[PDB]
Each structure stands twice: as C-alpha cells, then as structure tokens.
Protein chains: 2
Amino acid sequence: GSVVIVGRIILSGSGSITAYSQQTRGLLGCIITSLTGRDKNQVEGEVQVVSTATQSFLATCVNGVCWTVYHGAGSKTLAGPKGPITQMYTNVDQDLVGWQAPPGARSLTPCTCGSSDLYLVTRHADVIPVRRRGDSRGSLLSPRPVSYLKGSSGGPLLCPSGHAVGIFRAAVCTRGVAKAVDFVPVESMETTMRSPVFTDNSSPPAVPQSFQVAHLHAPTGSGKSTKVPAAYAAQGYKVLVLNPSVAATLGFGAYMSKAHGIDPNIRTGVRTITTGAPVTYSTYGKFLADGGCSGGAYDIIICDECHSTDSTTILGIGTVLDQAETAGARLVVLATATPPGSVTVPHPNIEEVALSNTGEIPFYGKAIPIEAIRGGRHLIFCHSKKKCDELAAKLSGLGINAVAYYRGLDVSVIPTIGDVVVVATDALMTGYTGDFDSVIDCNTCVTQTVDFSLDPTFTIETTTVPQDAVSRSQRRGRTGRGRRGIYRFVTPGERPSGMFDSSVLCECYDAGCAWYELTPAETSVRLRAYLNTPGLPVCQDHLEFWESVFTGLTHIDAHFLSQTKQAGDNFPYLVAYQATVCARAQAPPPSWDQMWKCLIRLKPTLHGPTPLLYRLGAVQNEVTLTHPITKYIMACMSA
Amino acid sequence: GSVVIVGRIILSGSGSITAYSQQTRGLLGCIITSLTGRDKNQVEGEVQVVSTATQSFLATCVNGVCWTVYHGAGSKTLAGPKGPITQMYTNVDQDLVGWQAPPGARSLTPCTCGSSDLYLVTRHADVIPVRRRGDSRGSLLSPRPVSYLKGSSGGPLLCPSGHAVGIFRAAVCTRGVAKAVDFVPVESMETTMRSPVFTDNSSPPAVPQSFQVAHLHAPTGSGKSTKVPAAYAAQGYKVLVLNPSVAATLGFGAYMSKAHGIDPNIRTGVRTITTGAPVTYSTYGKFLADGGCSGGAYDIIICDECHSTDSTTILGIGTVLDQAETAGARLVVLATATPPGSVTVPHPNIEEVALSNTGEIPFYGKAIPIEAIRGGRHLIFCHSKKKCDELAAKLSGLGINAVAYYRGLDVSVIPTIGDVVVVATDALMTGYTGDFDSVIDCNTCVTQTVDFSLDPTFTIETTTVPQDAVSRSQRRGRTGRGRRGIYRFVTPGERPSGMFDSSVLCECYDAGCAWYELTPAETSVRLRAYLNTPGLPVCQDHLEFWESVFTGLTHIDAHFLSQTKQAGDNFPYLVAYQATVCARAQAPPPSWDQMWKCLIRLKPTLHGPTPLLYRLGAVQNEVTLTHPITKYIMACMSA
Ligand SMILES: C=C[C@@H]1C[C@@]12NC(=O)[C@@H]1C[C@@H](OC(=O)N3Cc4cccc(F)c4C3)CN1C(=O)[C@@H](NC(=O)[C@@H]1CCCN(C)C1=O)CCCCCCCNc1ccc(F)cc1S(=O)(=O)NC2=O
Ligand SMILES: C=C[C@@H]1C[C@@]12NC(=O)[C@@H]1C[C@@H](OC(=O)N3Cc4cccc(F)c4C3)CN1C(=O)[C@@H](NC(=O)[C@@H]1CCCN(C)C1=O)CCCCCCCNc1ccc(F)cc1S(=O)(=O)NC2=O
Ligand SMILES: [Zn+2]
Ligand SMILES: [Zn+2]
C-alpha cells in the first residue's frame, strides 16, 4: 500500500501566519488510492495531510521534495499521477523520508533570518508559537497535552517570514504533557539533498589502519558469517564473529571445519572450544558473559544479524562499539541482510502464494489446503505457543506428522529427516538452523511495549502486531535455500523495520543486572555507544530514565533472582524485584499467573494489598502505592 | 452506512464446543458494502463477524433473526442481497438489536436444558467456560483482561448442548480485569419478538384513575408543550410542564397567553411569575431548586425534551419519577420528538445539501460559498467556543454580519432582526428560541467521558465525537419551522442516540451537592427512579460508585464552592473539593489553568506536589498519591 494525500493545510502568504484545512478524500478514496498507488488529484499547497490505512500524519514540501516521518510512512511509496512514487530519501536516524514532489506542487524554502520565534503548524491547522532552544529543539510557550499534537509529525516549524526551519518529529513530554518539540532541522534536509542517494555496502570493507566502524549489507547467501570471516582470516587477521543464535554459531563453526578446513574457537554457553585458530564464533550472550572485549584479542569484530532488536544483541553490539577501539581492534563490521528501512523484494528461488479461504485447515481467518502440506518438510509460523499447540493437534488429527516448537521446548522435537510440519513461533530461528520445502506465515508477531501509564508508574504490555520487513525476510528465508521454495502468507502488509521499543532498553538494564553483573551506569555507557552509532535500529533515548529506575532497585532477593533467571521469562530482574518487596511485606503478588510462580510456596502466608512497583501483566489483587520503591520509580518519571 | 458481515465464527455440531474464524471480506469490500448496503455473499453459520467503519463486533442468529448489540450497531441497517435490511427490533433498554436473517443463515435454537455451565464464544473463536449466576449474569472460571473480550459483544452464550442461552452484552470488570459477563437472556429476545411494529404514542394519554408513567413521541411544533397542557387544563387538571431551556420556558408563557387564553405560572431562576393558573412552566433546574415535588400541587407532570442527557434533565426527570406518585400526581408524561434509537428521517420543508470544497469560507475540511450566507439569517454550528471565535472573525473580515454565541455569553449578542450569521455551539439550543433561513452543521460535538484510569483514580476528559440522531435533529430543527429551510452538512454519518456517559451521573452528584442541597444518598434515590424507568436514555449503573465517592468528599471549603459555582464551569464541587484539599495540604493545584482560578490568592503559600484526588484536565505539577481522600476514592473503585 502507498501513502495517500487525503487533504492539505493552507498557509497564509501575507501578514500573520494562519492556516486552514481542506479535505480532498474520504476513507473509500483513500483505501482505493492506497491499493493502486494512482492519485490523479491535483496536489496543491506546501503542507499535506497524508494517510496509510492505520495512520494519519503530515508531509511538507521543501525544495521540491515532499518530506515526512519514517515512523509514519516507513519505506512506503506515495500515490502519484503516474502511479507509486518511490522514496528518494530514507533516513531512519533522523526519522525523515522524502519523495520527489509531483511536478508543479508548491514548496516551502529554507529560512534565512535565523529567528528563534517559531511557529508549528498542526493537523488541526493551528499555528502554535515555539521558542527555539537548540538545533533540533524548541519550547512550547504554553504546554499542550500530548494528544493535541498526535498526527502532526511531518508538519513544518515556520519562522515569522513563513520559511521552513525544520519538520516536526517528536514531542518532548513529561507525564503526558508536551512542553517542547523535537524537529529535524531544514539544514539536515539540505545536506541530504546535496549527497549521494545510493551508497555501497554489498562487499566487505578492506581493513583500515585507524579504527573504523563499517556496514555490510549483503544477502543471506553471501556468507557474511562464513565466506567473509574466512576471507579476512586468509589475509592473516584475528576475527571474532558474533551472532544472536547458539545453533547459528555452532553450525558456522561446523561449516568452517568441513568446508574451509579451519577448526575455529567456539564460544557458547552450551559448548566452548579453544583451538587457538584466528577465527572465533561466539554468541552475543557468551561475549557479554565473558566480560566483552579483552585487550589485543581481535583485529576484526563482525556483528552478524545487527538488525536484531533483542536485548542481548543491542547490549552486545553496544559493548563492541564502546570497547573495540581500546582493546586494539581495527575494524567493526555491522553485518545484516535487512538494514533499517529495508523493503522486502522478491526472491528468485521463492514462489509467493497468497493464502485463500479454499482449504481444509483453518489458519488465521484464511485456510491451508491439505495438499500444500501432506508429504514433504513444511514450516508454519504462528504468533503464539497456544496457536502452535492447536494447529499441531488439528494436523495430527488429519494424520499429518505435525510438531509444535517454541521457547522451553527441546530442538529434538523437530525430526531432521522425515515428512514433517513444524508449527513454530519466532523461537525457531534462534534454536534450529534447518530449511524447508515451503513456509506458511501468519504475518503477525508478538512485541512488548512500554506505556508510561502512571497507575502508579509504567506498564510493560505484550501485544500482537503485523510483521515488519525483517520478520517477513527471516521467516520466508527458511525456504528457497539453494533450491526452489514456496512461501504462503495471510497478508502482504508489512510494518516499518529498524525501530524498537523503549521496553527493549528496559530489558538491557534488566539483563545487565540479572546476568552480566553490570551496574546501570555501565549499561548506559554501552547502550550510548549503540545509540550514537548511525545505521543501526533506532530507539527513543530513555537511557537516563531507565538507568535512574534500576539504580534504585537495590537489595533484590538473590533466591528470587536465581528462579526468574532459570525460568527464562522476559524481565527476570523486575519480576524478582517485585516478588522481593511482596515477600518482605508478607503481601501477595499482583496476580497468581505463572509470572509469579517463585511465590507459590508462600501463598498461605501472603495477605493484603500488593505494594505495586510497576505493571508487568494483569493485576488481580488490591494495590498499595505507598511503598518507598514505588515513590522512587514515580520520582524517576517526574524529572 | 450499513453494518457489514466481514466473517464468521464456525461452531462444532458434534462433541465438545470448539470454534474457528473465517474472514470473508477485507477492509475495501467492507467499506464498499457499507456504502451501498448491498451484500450478495452467502451467509453461512450462526455467529457472524460484523463491522461498521469504526467498530467490529459479533452477531448471532436466533430463531431467524440476526441479533447484535445496540451499542455496536445503533439503528444501522444490515447490508443484504436486495440492499439495506432495516432493523426489525431495537430494544435500547436490553441493548439488543435484530435484523431479519438473509437466506443461508443457519439459526441457533434457544436452550431448554436449563444448565448453569455456559460457554462464551469470542471474536477470536475461543470457547470460554462461564458459570451462570443469574438471569443475565455469569462468572468467568478464570478472570480475563477486559481487552481480550473487546469486539465479542453480540456473541453467544451456549449451553453444553450447543443451544443459545443469551447474547454477550457487557463485561463485569474491576480495574480492567473481567471477572464476570452480562448477557441478554434468550427469553428476553422472544419478549422483543412480541413488541409492536408501531407502538403508538403520537397522541397524548388520557388521565388515569391510578398513577401511571406514559410516553409521548410526537414531532416538534405539534403542541406537546402548548396544546397538550391547555387541553388537560380545560378538563380541570393541574399541569406542570418541565423543559431544559429558560428561553423555551419563558417563551411558552407568551404563546399560551395569546393563543390558549391562559396566563400560566412561570418558574425559572431568572424570572418567576405566579398567577395561580392551572398550568405551570418550569425549567428542570428551578424545579430541583424548589425542592422538587410538593404534595397535591399537580395532577399531570409533563417532562418535555426527555431525550436530553444534561445532568439537570436526568436529575429533574429522576426527581419527578421518584416523587410524583407520593405528591398525588396521576400522570407523568415523558415527551420527546427523538426517543432512544431514533433514526433521522427527511423533513418535508428542509432541503439538505452536502457541503463541497467549492467555496470561499473554510469549514471543517469542506467549504461554504459566500453566496449561501451573504444576506439572510443563518446559523452555523461549531463544536467549540474556539472555532466560533475564528469563524465569526473570518466572516466579519469579509464584511458579513457575524456573531459567535456559546456558554458564558449573553443571548443579546444575537440580533433578533437583521441579516446575521450566528456561529454557535449547542449552548444555543437552551439559550435562544429562534429559527433560521439555513443551518450549517459541522456534524460533531463535544462530550465528557469518564476513564477509570487508576492514575490514581479516574479522569474526566472532554472529547470530540460524531453527532447522534438527536443532535442532528435538534440542529437541523433550527430551520424549516413554518417556512422553507436549507440544511448544509459536512458528513452524513450519525452515531447511536439514547445512550449517555457515566460522567453525566458524576455531574448529577456534583449538582446535587453544589446547587441542590442534596446528599449523595438523596441523588442516588432520584437517579435510580430514572434508571429503572424504561424508554428513557440508558447508562451504566454507576450510582453506588459515584455515591460512595461523593460521600467521602467531606467538609468542603464554602468559599471555593461559591467561586466555582459562580464561574459556571463543569464540576464545581469536584474543582472546589480538589482546591480545598490543596489549600489544606498547602500544596499547589494540578495546574494554573483557568479551572484553578480560585487558588490564586494562595499562589505564594502553596508549594510541593499536588495531593491528586482525580484528573479533571491537564496535570502540570508533581503529584502525591498519599492523601487519605485519594486512598478513599481508590478503595471506592474496588467491588
Ligand atoms: C505527540 C505527537 C508527536 C508528533 C508525534 N510523534 C511521535 O509520537 C513520535 C513517534 C515516536 O518516535 C519515534 O518513533 N521516533 C523515531 C525517531 C528517530 C529519530 C529521532 C526521533 F526523535 C525519533 C522519534 C515517539 N514519538 C514521540 O513523539 C514521543 N516522544 C519522544 O520520542 C521524545 C522526544 C524527545 C526525545 N525523547 C527521548 C523522547 O522520548 C512521544 C510519544 C507520544 C505517543 C504517540 C505515539 C504515536 N505516534 C505515531 C505512531 C505511528 C505513526 F505512524 C504516526 C504517529 S504520529 O501521531 O504521527 N506521531 C506524532 O504526531
Ligand atoms: C469488553 C467487552 C464487552 C462486550 C463489550 N461490551 C462493552 O464494551 C459494553 C459497551 C458499554 O455498554 C453499553 O453501551 N451498554 C448499553 C446498554 C444498554 C442497556 C443495558 C446494558 F447492559 C448496556 C451496556 C460498556 N460496555 C461494557 O462492557 C463495560 N462494562 C459495563 O457496562 C459493566 C457491566 C455490568 C454493569 N456495570 C455497571 C458495568 O459497568 C466495560 C467497559 C469496557 C470499555 C469499552 C469497550 C468498547 N465497547 C464498544 C464500544 C462501541 C462498540 F461499537 C463496540 C464495543 S465492543 O467492543 O463491541 N464491546 C464489547 O465487546
Ligand atoms: Zn526566516
Ligand atoms: Zn440446552
């Protein structure tokens, strides 16, 4: 689907800065236009009201380029007269994207006066005075609730003369009140428009003399983890190769022994081998467990699957970026098949067939014909363990050799040879390396989001979301490996890649405390190195907030920490910490869900309201907001 | 737009109760079908997945009728083979709506076994066990979060034999956790299947021997406030006529004097006239101020505009319904042009013209041609005081004679003779009597909603919503009275009439305390009489909750109460009480917005966090959730 112009904000060309909205399309015209990518409507004005099916925001024409926010548009095309217009610019680090404006259309020009008295144009066509405080910051003269500014991103920041100062990107807000605005400066778009549109990162970089951070954007079939380290090693270099998966790590070592005749050093929690070879294959977790970089150990560190937004990868890459120069490394290679802002393109070996309602197996509102899976090795992706169980049971009833695989299950469940239908969650890609005849994708995943809810503090909620380009690629990538494959899907609608939630940062401080004997200040240092490095997945800088939160979570119960860590669920430090305050109060947990099992044995001795620190799921008990830790966490929000 | 079948939930006919979902339409087909009302698709199954543009829910086929919830479907038609199917049944009191099922619809049959082990079918095709506890209630064996059950209303409650027990209507929940389900019993559906096709009450009821509550559903201008009381008075009865508007109340005294030859008693806060006549015209407010019903004063009480969901009307009607029998009244007449579940029908002397983008005056994304309003008397409805000011200023710049009118302005602003463009909010409806050449409607209104947000307690937020059938009728009704009128609109979309928010109940307890020297217990009594009376607008029974809240708001500062009451804003009791808590704890208000003007004489003394009781707007200051009143309000939320 394309981004559709559904209206426009008309700015006054004389006197005071005033604006008015003019709708040009309704929901029907907007949906039709999104599907076709053809918009024959005359585009007028500098500020556009744009829409996707799920979202609405603004776009501004400055110097012939129609600009918007990456968070709203993603890598989507813009519906135009001749059909879909492809993005000319996509800068995930600045959250800015730009399409070539349909010829004739009016543009704003950059401001020359250097004024600090600014005017933000909203989707409501209101002109809000802003005082410039920095390069990308300006303070609202009168604070507005956050909800007032929703849908105004991509809107312009004007000077008194009506020229462009920047594009509205984010709201600087405390407890749901916006007091300042964050914007992309116009001079940044002027730099972008002056520079090369295409960049090359398909071939590995040559080893420089000074320390350097390089990007490697090559397909899974380029051997970023095999051919590339082998090649560097043949050149006589010390190489460390990091990956999120144990299975991937071991398998690449097993490949290098059989194929390239080198027996590498292997470092995983399960298996460690030390041969003294010039190549080491390690997981990010083992690398973090080991204490990260040790002096003069490696020349080149390859961070494979650097698009991965799991807390271990973020913390691992962050560690590499903070320590590598110091430990005498000359090159850091951020390698990935799917960099941020990626658009899934067809694969020559993979036939893609949309799932219809013609079939004997119900699957996500659609159907799977029994012929597509009867005989052969097939992988079906489900968003949850529940769905896996149901689907594998339905298939076993139909005489199909079906197996469910998810977190907490052994990889032996998957037969390595016979006819099989593997029904799995994303847990498969880090647990098993095998490939299949066909892949059936539900096109949905499960994500954790942080909500600064103030009931009393924050909430970490698990949500079902449409898959992004990375998810679609990793999943589809299970088939068509050096042979022909089939990929069947429920929907083609993908979400923008390269962005992650603040709850992922919270997981990094959690892991740092629970597993890596890292103080919140050490973790911040490591994540800062990741944040300040361009070309990696992006996130809101909540580093100081999370650091402050964890800094106060002192004197956790060691026994609860041990249990939560072993159970393997999300948040072992926060769960153990909430249990610690409960146990010490002889108070029951927020609920009796599996999350709070470490308290089951104490159940007959637990009474009263819960000293609630934060919300990690449903709270079925009465709560008390009087605990000093709750007051501490509340004080962290109001900074 | 029509309600569209977008999918189906397929139930097992053998063994254990299992279900699966099957989508039949995408967003495009759904939107097209909604517009046309034509659905040629085959209707397989008993449970349907239905959708409007804004909402999705379920519908179940029972005894040839396809049933759903009023809150979901309103009075909307269902898209069918021959075009839009009009509702056969609309019972707002039960929240049940029914259309005649198309061919192919296999209907479930009512349960005969009388089992208490029930099974709720969700939109996620999950079969949830429920234990029947009453006629319309059942408890969930394992509590589920509220968000899990959203979109499942109109879904069936099945017995172990797969028969229909009732349809899922509402969730019984505490702090966002659903612990029980409220359902329409299947027997109450056959009671609806009995209800008349016309239900005639277009004519006033004859006075009965015993006390009775009658409904009068007649058009505006049909003399429900004039001919009907005069007719009863001629028979020798004492008549009280109640209205929400002072302007209407005064107006009726002039018409009745000149036309029906009766100089009536007039009772308003502004003006009271006592002639000793057998007819009295009073506002609901004055009636409440007077102490309500006094013994043997009236024989007939007419509650005009009984569709009005303002706190005064609800409290006024409630007072009448609780006191009338006792005070010796023989008849209570609930009169309205727009009863709950009303659908706006064409008016014979009103030409309706959709606004386009062809015009010189911007108006809500559309445009007003200057010729439509230059000369003549016109009324333009805006959703806010802000929009009125802007529009009246834009028109005055174009040499038009424009005037803005809203709450807190004197009605003298409107010229009674002369070319004029009145730019007004719904405040006009109660302030001004008159008729216009044309009406231009923005089709949106402002409503207050209560959010049980737990940050720490509840929130009363102002929101913009699409207008309902009552709003559209009252607004359009300002033209076409005794002369050809024109009605111009932004959108045809109208939401369901006859339902109101729990914050309206909160306003009743507020008014009871602030103005009517009514204890929370007295208010509850009066509102219960309104709730338990069928045929009136419906609401969630939160009387005990609000009563308990206000009961704890003890020893308010009389001076703050006086100040808030005099300013004329929304919750004078809640504002004054929060100020009282601030002044006493010597802390600043939640913000320095006009809402907290009363605490200005204390601005230098008050410092620290705010002892926050509830949220009435934006909170810019630090908060403390330790105040005993906050803990009291929090304890009230638990049931
Ligand atoms: C309140 C109105 C704001 C203008 C607004 N923008 C946002 O929400 C953005 C989105 C999200 O930000 C991002 O994704 N990024 C990516 C990114 C990359 C580089 C630099 C950046 F600043 C950002 C910000 C959080 N936002 C923010 O502004 C957030 N604040 C911050 O990021 C701040 C800014 C200062 C630095 N730090 C640390 C922050 O936390 C406040 C979040 C308000 C909740 C609403 C989120 C829904 N937004 C949304 C989501 C999807 C869409 F397709 C369109 C929209 S929108 O509706 O079109 N967005 C907006 O209108
Ligand atoms: C969450 C699952 C629940 C089944 C569900 N139902 C509701 O939300 C209903 C809506 C609203 O209720 C009503 O409007 N009515 C109208 C009405 C008239 C007469 C008798 C009645 F019982 C009702 C109930 C509050 N609801 C409720 O259930 C609420 N609870 C109560 O009313 C309870 C029940 C017991 C008595 N008291 C006092 C209550 O407060 C819980 C509030 C949940 C937040 C709102 C969710 C969105 N609702 C919504 C709005 C518009 C739509 F078109 C469709 C939906 S939906 O998504 O289709 N709704 C549902 O699926
Ligand atoms: Zn300038
Ligand atoms: Zn039965």
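Easy rule for this one: first residue shown is 1, then count along the chain.
Even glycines carry a Cβ here, placed using N, Cα and C.
In the three-state DSSP scheme, A:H71 (active site, charge relay system) falls into the helix class. The feature active site, charge relay system is assigned by Swiss-Prot to A:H71 (among others).
According to Swiss-Prot, the active site, charge relay system annotation covers A:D95 (among others). When other Cβ atoms within 10 Å of the Cβ of A:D95 (active site, charge relay system) are tallied across all protein chains shown, the result is 21.
In the three-state DSSP scheme, A:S153 (active site, charge relay system) falls into the coil class. Over all protein chains present, the Cβ of A:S153 (active site, charge relay system) has 25 other Cβ atoms lying within 10 Å. Under the heading active site, charge relay system, Swiss-Prot lists A:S153 (among others).
Secondary structure at A:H163 (Zn(2+) 1 binding site), taken from DSSP and collapsed to helix, strand or coil, is coil. According to Swiss-Prot, the feature Zn(2+) 1 binding site maps to A:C111, A:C113, A:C159, A:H163, an assignment based on experimental evidence.
The ATP binding site annotation in Swiss-Prot covers A:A218, A:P219, A:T220, A:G221, A:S222, A:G223, A:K224, A:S225. Under DSSP, A:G221 (ATP binding site) is assigned to coil, being neither helix nor strand in the three-state scheme.
Per Swiss-Prot, the feature domain 'Helicase ATP-binding' maps to A:205-357.
Beyond the region 'RNA-binding' (A:474-485), the same-chain residues lying 6 or more positions past its ends with a Cβ under 8 Å from any Cβ of the stretch are 220-221, 337-338, 344, 347-352, 379, 381, 426, 428-429, 435-439, 441, 467. Summarising the annotation, Swiss-Prot assigns region 'RNA-binding' to A:474-485 and lists experimental evidence as the type of evidence.
Annotation: A:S225 carries the greatest number of neighbouring Cβ atoms among the binding-site residues A:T220, A:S225 [cut-off 10 Å, Cβ to Cβ].
With respect to ligand 3, the recorded positions A:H71, A:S153, A:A218, A:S222, A:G223 contribute no residue with a C-beta closer than 6 angstroms to one of its atoms.
Working note on the recorded positions A:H71, A:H163, A:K224: by count of other C-beta atoms within 10 Å of each C-beta, A:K224 ranks first. Taking the mean position of the Cβ atoms of A:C111, A:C113, A:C159, A:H163 as the Zn(2+) 1 site, the remaining same-chain residues with a Cβ inside 8 Å of that point are A:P110, A:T112, A:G114, A:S115, A:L158, A:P160, A:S161, A:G162, A:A164, A:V165. Classification of A:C111 (Zn(2+) 1 binding site) by DSSP places it in coil, neither helical nor stranded. Closest to A:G221 (ATP binding site) by Cα-Cα distance, out of the recorded positions A:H71, A:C159, A:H163, is A:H71. The Cβ of A:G223 (ATP binding site) has A:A230 as same-chain neighbours under 8 Å, each 6 or more residues away in sequence. Other C-beta atoms found within 10 angstroms of the C-beta of A:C111 (Zn(2+) 1 binding site) number 21, with every protein chain shown included. The binding-site residues under consideration are A:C113, A:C159, A:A218, A:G221, A:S222. Their Cβ neighbour counts within 10 Å are lowest for A:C113.
Checking the binding-site residues A:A218, A:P219, A:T220, A:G221 against ligand 1 with a 6 Å cutoff on the Cβ atom leaves no residue at all. The helix, strand and coil residue counts that DSSP assigns across the region 'RNA-binding' (A:474-485) are 3 helix, 2 strand, 7 coil.
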